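Structure file entry-v4.pdb (PDB, C-alpha atoms) follows.
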```
ATOM      1  CA  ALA A   1      10.612   2.410  -4.635  1.00  0.00           C
ATOM      2  CA  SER A   2      10.573   2.028  -8.458  1.00  0.00           C
ATOM      3  CA  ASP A   3       8.219  -1.479 -10.093  1.00  0.00           C
ATOM      4  CA  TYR A   4       9.839  -3.288 -12.977  1.00  0.00           C
ATOM      5  CA  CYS A   5       8.636  -5.719 -15.601  1.00  0.00           C
ATOM      6  CA  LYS A   6      10.340  -7.943 -18.111  1.00  0.00           C
ATOM      7  CA  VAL A   7       9.338  -7.830 -21.746  1.00  0.00           C
ATOM      8  CA  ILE A   8       8.020 -11.213 -22.953  1.00  0.00           C
ATOM      9  CA  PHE A   9       6.823 -10.032 -26.422  1.00  0.00           C
ATOM     10  CA  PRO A  10       8.313  -7.320 -28.638  1.00  0.00           C
ATOM     11  CA  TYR A  11       6.377  -4.185 -29.673  1.00  0.00           C
ATOM     12  CA  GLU A  12       7.443  -1.440 -32.066  1.00  0.00           C
ATOM     13  CA  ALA A  13       6.045   2.067 -31.265  1.00  0.00           C
ATOM     14  CA  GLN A  14       3.573   3.275 -33.919  1.00  0.00           C
ATOM     15  CA  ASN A  15       3.190   6.877 -32.613  1.00  0.00           C
ATOM     16  CA  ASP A  16       5.013   9.344 -30.304  1.00  0.00           C
ATOM     17  CA  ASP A  17       3.244   8.101 -27.180  1.00  0.00           C
ATOM     18  CA  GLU A  18       4.253   4.426 -27.442  1.00  0.00           C
ATOM     19  CA  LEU A  19       7.355   2.658 -26.109  1.00  0.00           C
ATOM     20  CA  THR A  20       9.315   0.181 -28.246  1.00  0.00           C
ATOM     21  CA  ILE A  21      10.203  -2.875 -26.186  1.00  0.00           C
ATOM     22  CA  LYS A  22      12.299  -5.988 -27.046  1.00  0.00           C
ATOM     23  CA  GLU A  23      12.157  -9.468 -25.421  1.00  0.00           C
ATOM     24  CA  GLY A  24      14.327  -9.516 -22.336  1.00  0.00           C
ATOM     25  CA  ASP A  25      14.146  -5.720 -21.787  1.00  0.00           C
ATOM     26  CA  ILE A  26      13.651  -4.615 -18.136  1.00  0.00           C
ATOM     27  CA  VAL A  27      11.163  -1.776 -18.159  1.00  0.00           C
ATOM     28  CA  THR A  28      10.588   0.688 -15.319  1.00  0.00           C
ATOM     29  CA  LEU A  29       6.842   0.754 -14.679  1.00  0.00           C
ATOM     30  CA  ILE A  30       5.640   4.386 -14.300  1.00  0.00           C
ATOM     31  CA  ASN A  31       1.859   4.143 -14.352  1.00  0.00           C
ATOM     32  CA  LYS A  32      -0.612   1.278 -14.720  1.00  0.00           C
ATOM     33  CA  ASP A  33      -3.536   3.698 -15.163  1.00  0.00           C
ATOM     34  CA  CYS A  34      -3.430   5.069 -18.682  1.00  0.00           C
ATOM     35  CA  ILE A  35      -6.073   6.495 -21.059  1.00  0.00           C
ATOM     36  CA  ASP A  36      -6.192   3.138 -22.928  1.00  0.00           C
ATOM     37  CA  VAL A  37      -7.519  -0.005 -21.316  1.00  0.00           C
ATOM     38  CA  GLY A  38      -4.820  -2.691 -21.225  1.00  0.00           C
ATOM     39  CA  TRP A  39      -1.799  -0.420 -21.714  1.00  0.00           C
ATOM     40  CA  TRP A  40       0.861   0.637 -19.148  1.00  0.00           C
ATOM     41  CA  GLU A  41       3.297   3.525 -19.104  1.00  0.00           C
ATOM     42  CA  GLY A  42       6.981   2.663 -18.767  1.00  0.00           C
ATOM     43  CA  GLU A  43      10.565   3.858 -19.063  1.00  0.00           C
ATOM     44  CA  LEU A  44      13.407   2.131 -20.797  1.00  0.00           C
ATOM     45  CA  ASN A  45      16.917   3.164 -21.702  1.00  0.00           C
ATOM     46  CA  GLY A  46      16.074   6.853 -21.866  1.00  0.00           C
ATOM     47  CA  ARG A  47      12.698   6.612 -23.575  1.00  0.00           C
ATOM     48  CA  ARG A  48       9.195   6.476 -22.191  1.00  0.00           C
ATOM     49  CA  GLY A  49       5.717   5.563 -23.361  1.00  0.00           C
ATOM     50  CA  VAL A  50       2.789   3.193 -23.229  1.00  0.00           C
ATOM     51  CA  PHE A  51       2.915  -0.492 -24.204  1.00  0.00           C
ATOM     52  CA  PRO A  52       0.352  -3.339 -23.985  1.00  0.00           C
ATOM     53  CA  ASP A  53       0.368  -4.814 -20.478  1.00  0.00           C
ATOM     54  CA  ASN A  54       0.433  -8.504 -21.584  1.00  0.00           C
ATOM     55  CA  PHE A  55       3.643  -8.154 -23.468  1.00  0.00           C
ATOM     56  CA  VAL A  56       5.421  -8.047 -20.092  1.00  0.00           C
ATOM     57  CA  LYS A  57       5.739  -9.884 -16.820  1.00  0.00           C
ATOM     58  CA  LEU A  58       5.845  -8.178 -13.405  1.00  0.00           C
ATOM     59  CA  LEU A  59       9.118  -8.792 -11.537  1.00  0.00           C
ATOM     60  CA  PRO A  60       9.797  -9.191  -7.783  1.00  0.00           C
ATOM     61  CA  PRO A  61      11.298  -5.931  -6.567  1.00  0.00           C
ATOM     62  CA  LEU A  62      14.557  -7.637  -5.395  1.00  0.00           C
ATOM     63  CA  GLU A  63      17.835  -6.124  -6.599  1.00  0.00           C
ATOM     64  CA  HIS A  64      21.409  -7.208  -6.032  1.00  0.00           C
ATOM     65  CA  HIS A  65      23.936  -4.753  -4.465  1.00  0.00           C
ATOM     66  CA  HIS A  66      25.310  -2.160  -6.944  1.00  0.00           C
ATOM     67  CA  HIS A  67      28.457  -0.092  -7.624  1.00  0.00           C
TER      68      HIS A  67
END
```

Re-express the file's structure as structure tokens.
Amino acid sequence: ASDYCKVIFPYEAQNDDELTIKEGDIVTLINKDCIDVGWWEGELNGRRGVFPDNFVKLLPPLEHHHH
């Protein structure tokens, strides 16, 4: 039952704990409760980290059939 969000603004990680996200990226949301107010933890294409929560848009959980 994984949550997903779509990146609306890009963000380049500035330390080890951040996640670099590009516009259009579909990020797996891991945790909304992080040490920093306004930041979420996510996973993307093998990496993981925190990003600002208003750089992204929550998606409906609907997914087309896969192979």

Point to revise | Interatomic distance, atom CA of residue 12 of chain A to atom CA of residue 37 of chain A (Å, one decimal) | key: 18.5 Å

Practice item. Evaluate the PyMOL selection byres ((chain A and resi 1-8) around 6) on the structure here and hand back the selected residues as a PyMOL selection string. Key: chain A and resi 9+23-29+55-59

Expected file contents, prior selection, C-alpha atoms, as a PDB file, keeping the file's coordinate frame:
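That gives us again-v9.pdb:
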```
ATOM      1  CA  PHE A   9       6.823 -10.032 -26.422  1.00  0.00           C
ATOM      2  CA  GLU A  23      12.157  -9.468 -25.421  1.00  0.00           C
ATOM      3  CA  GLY A  24      14.327  -9.516 -22.336  1.00  0.00           C
ATOM      4  CA  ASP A  25      14.146  -5.720 -21.787  1.00  0.00           C
ATOM      5  CA  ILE A  26      13.651  -4.615 -18.136  1.00  0.00           C
ATOM      6  CA  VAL A  27      11.163  -1.776 -18.159  1.00  0.00           C
ATOM      7  CA  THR A  28      10.588   0.688 -15.319  1.00  0.00           C
ATOM      8  CA  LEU A  29       6.842   0.754 -14.679  1.00  0.00           C
ATOM      9  CA  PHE A  55       3.643  -8.154 -23.468  1.00  0.00           C
ATOM     10  CA  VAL A  56       5.421  -8.047 -20.092  1.00  0.00           C
ATOM     11  CA  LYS A  57       5.739  -9.884 -16.820  1.00  0.00           C
ATOM     12  CA  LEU A  58       5.845  -8.178 -13.405  1.00  0.00           C
ATOM     13  CA  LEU A  59       9.118  -8.792 -11.537  1.00  0.00           C
TER      14      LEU A  59
END
```

Once you add 8 Å to each side, what are the centre and edge lengths of the axis-aligned box holding all listed atoms of segment 46-50 of chain A? One decimal in Å, as JSON, if you can.
```
{"center_x": 9.4, "center_y": 5.0, "center_z": -22.7, "size_x": 29.3, "size_y": 19.7, "size_z": 17.7}
```

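Atom CA of residue 51 of chain A is found 7.5 Å from atom CA of residue 11 of chain A.
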
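Take the candidates A:22, A:48, A:64, A:32 and check each one against residue 10 of chain A using all atoms listed in the file; the shortest distance goes to A:22.
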
Review point. What is the atom CA of residue 13 of chain A to atom CA of residue 33 of chain A distance in Å?
Key: 18.8 Å

Exercise for review: With a distance cut-off of 8 Å and only C-alpha atoms, select the neighbouring residues of residue 53 of chain A, excluding the residue or stretch itself and same-chain residues fewer than 5 positions from it, and output the selection as a ChimeraX atom specification.
Suggested key: /A:38-40

Review point. Applied to this file, what does the PyMOL selection byres ((chain A and resi 16) around 10) return in terms of residues, put as a PyMOL selection string?
Key: chain A and resi 13-15+17-19+48-50

Could I get segment 12-32 of chain A from the block written out with N, CA, C and O atoms, as a PDB file, in the first residue's frame?
```pdb
ATOM      1  N   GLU A  12      17.925  20.088  -5.645  1.00  0.00           N
ATOM      2  CA  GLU A  12      19.206  19.396  -5.681  1.00  0.00           C
ATOM      3  C   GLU A  12      19.652  19.143  -4.229  1.00  0.00           C
ATOM      4  O   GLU A  12      19.739  20.092  -3.431  1.00  0.00           O
ATOM      5  N   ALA A  13      19.922  17.884  -3.866  1.00  0.00           N
ATOM      6  CA  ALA A  13      20.371  17.578  -2.482  1.00  0.00           C
ATOM      7  C   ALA A  13      21.633  18.400  -2.122  1.00  0.00           C
ATOM      8  O   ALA A  13      22.565  18.484  -2.905  1.00  0.00           O
ATOM      9  N   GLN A  14      21.637  18.979  -0.931  1.00  0.00           N
ATOM     10  CA  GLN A  14      22.799  19.694  -0.424  1.00  0.00           C
ATOM     11  C   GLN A  14      23.579  18.940   0.684  1.00  0.00           C
ATOM     12  O   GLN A  14      24.675  19.362   1.087  1.00  0.00           O
ATOM     13  N   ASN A  15      23.032  17.836   1.172  1.00  0.00           N
ATOM     14  CA  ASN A  15      23.778  16.969   2.114  1.00  0.00           C
ATOM     15  C   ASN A  15      23.409  15.485   1.857  1.00  0.00           C
ATOM     16  O   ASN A  15      22.762  15.159   0.831  1.00  0.00           O
ATOM     17  N   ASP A  16      23.839  14.579   2.733  1.00  0.00           N
ATOM     18  CA  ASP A  16      23.650  13.149   2.475  1.00  0.00           C
ATOM     19  C   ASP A  16      22.201  12.724   2.680  1.00  0.00           C
ATOM     20  O   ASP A  16      21.775  11.698   2.184  1.00  0.00           O
ATOM     21  N   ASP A  17      21.469  13.506   3.459  1.00  0.00           N
ATOM     22  CA  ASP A  17      20.150  13.164   3.953  1.00  0.00           C
ATOM     23  C   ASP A  17      19.031  13.606   3.013  1.00  0.00           C
ATOM     24  O   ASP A  17      17.871  13.201   3.188  1.00  0.00           O
ATOM     25  N   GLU A  18      19.364  14.474   2.057  1.00  0.00           N
ATOM     26  CA  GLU A  18      18.393  15.004   1.103  1.00  0.00           C
ATOM     27  C   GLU A  18      18.231  14.137  -0.147  1.00  0.00           C
ATOM     28  O   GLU A  18      19.114  13.389  -0.499  1.00  0.00           O
ATOM     29  N   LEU A  19      17.083  14.282  -0.813  1.00  0.00           N
ATOM     30  CA  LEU A  19      16.799  13.613  -2.067  1.00  0.00           C
ATOM     31  C   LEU A  19      16.704  14.663  -3.185  1.00  0.00           C
ATOM     32  O   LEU A  19      15.945  15.628  -3.077  1.00  0.00           O
ATOM     33  N   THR A  20      17.465  14.425  -4.258  1.00  0.00           N
ATOM     34  CA  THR A  20      17.387  15.228  -5.472  1.00  0.00           C
ATOM     35  C   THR A  20      16.224  14.750  -6.320  1.00  0.00           C
ATOM     36  O   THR A  20      16.147  13.573  -6.702  1.00  0.00           O
ATOM     37  N   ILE A  21      15.349  15.696  -6.621  1.00  0.00           N
ATOM     38  CA  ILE A  21      14.112  15.464  -7.367  1.00  0.00           C
ATOM     39  C   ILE A  21      14.038  16.408  -8.588  1.00  0.00           C
ATOM     40  O   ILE A  21      14.413  17.603  -8.496  1.00  0.00           O
ATOM     41  N   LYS A  22      13.593  15.861  -9.730  1.00  0.00           N
ATOM     42  CA  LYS A  22      13.332  16.683 -10.935  1.00  0.00           C
ATOM     43  C   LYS A  22      11.834  16.748 -11.253  1.00  0.00           C
ATOM     44  O   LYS A  22      11.089  15.871 -10.868  1.00  0.00           O
ATOM     45  N   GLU A  23      11.406  17.806 -11.939  1.00  0.00           N
ATOM     46  CA  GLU A  23       9.996  17.996 -12.318  1.00  0.00           C
ATOM     47  C   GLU A  23       9.565  16.784 -13.080  1.00  0.00           C
ATOM     48  O   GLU A  23      10.299  16.308 -13.944  1.00  0.00           O
ATOM     49  N   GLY A  24       8.376  16.288 -12.758  1.00  0.00           N
ATOM     50  CA  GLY A  24       7.847  15.095 -13.413  1.00  0.00           C
ATOM     51  C   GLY A  24       8.156  13.815 -12.654  1.00  0.00           C
ATOM     52  O   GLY A  24       7.453  12.824 -12.830  1.00  0.00           O
ATOM     53  N   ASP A  25       9.204  13.808 -11.816  1.00  0.00           N
ATOM     54  CA  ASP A  25       9.576  12.559 -11.107  1.00  0.00           C
ATOM     55  C   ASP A  25       8.411  12.091 -10.252  1.00  0.00           C
ATOM     56  O   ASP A  25       7.734  12.937  -9.651  1.00  0.00           O
ATOM     57  N   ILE A  26       8.212  10.763 -10.183  1.00  0.00           N
ATOM     58  CA  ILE A  26       7.217  10.126  -9.287  1.00  0.00           C
ATOM     59  C   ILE A  26       7.923   9.491  -8.118  1.00  0.00           C
ATOM     60  O   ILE A  26       8.626   8.477  -8.256  1.00  0.00           O
ATOM     61  N   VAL A  27       7.747  10.121  -6.968  1.00  0.00           N
ATOM     62  CA  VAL A  27       8.481   9.786  -5.746  1.00  0.00           C
ATOM     63  C   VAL A  27       7.616   8.917  -4.856  1.00  0.00           C
ATOM     64  O   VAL A  27       6.437   9.203  -4.662  1.00  0.00           O
ATOM     65  N   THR A  28       8.203   7.838  -4.344  1.00  0.00           N
ATOM     66  CA  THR A  28       7.545   7.014  -3.316  1.00  0.00           C
ATOM     67  C   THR A  28       7.624   7.694  -1.941  1.00  0.00           C
ATOM     68  O   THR A  28       8.716   7.914  -1.409  1.00  0.00           O
ATOM     69  N   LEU A  29       6.483   8.028  -1.365  1.00  0.00           N
ATOM     70  CA  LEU A  29       6.473   8.713  -0.089  1.00  0.00           C
ATOM     71  C   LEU A  29       6.744   7.693   1.023  1.00  0.00           C
ATOM     72  O   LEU A  29       6.069   6.668   1.070  1.00  0.00           O
ATOM     73  N   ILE A  30       7.745   7.923   1.867  1.00  0.00           N
ATOM     74  CA  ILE A  30       8.081   6.943   2.921  1.00  0.00           C
ATOM     75  C   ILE A  30       7.539   7.428   4.267  1.00  0.00           C
ATOM     76  O   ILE A  30       6.887   6.668   4.999  1.00  0.00           O
ATOM     77  N   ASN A  31       7.768   8.700   4.574  1.00  0.00           N
ATOM     78  CA  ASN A  31       7.379   9.236   5.854  1.00  0.00           C
ATOM     79  C   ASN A  31       7.165  10.717   5.711  1.00  0.00           C
ATOM     80  O   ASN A  31       8.027  11.423   5.181  1.00  0.00           O
ATOM     81  N   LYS A  32       6.005  11.169   6.189  1.00  0.00           N
ATOM     82  CA  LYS A  32       5.621  12.584   6.245  1.00  0.00           C
ATOM     83  C   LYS A  32       6.114  13.245   7.520  1.00  0.00           C
ATOM     84  O   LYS A  32       6.260  14.444   7.553  1.00  0.00           O
TER      85      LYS A  32
END
```
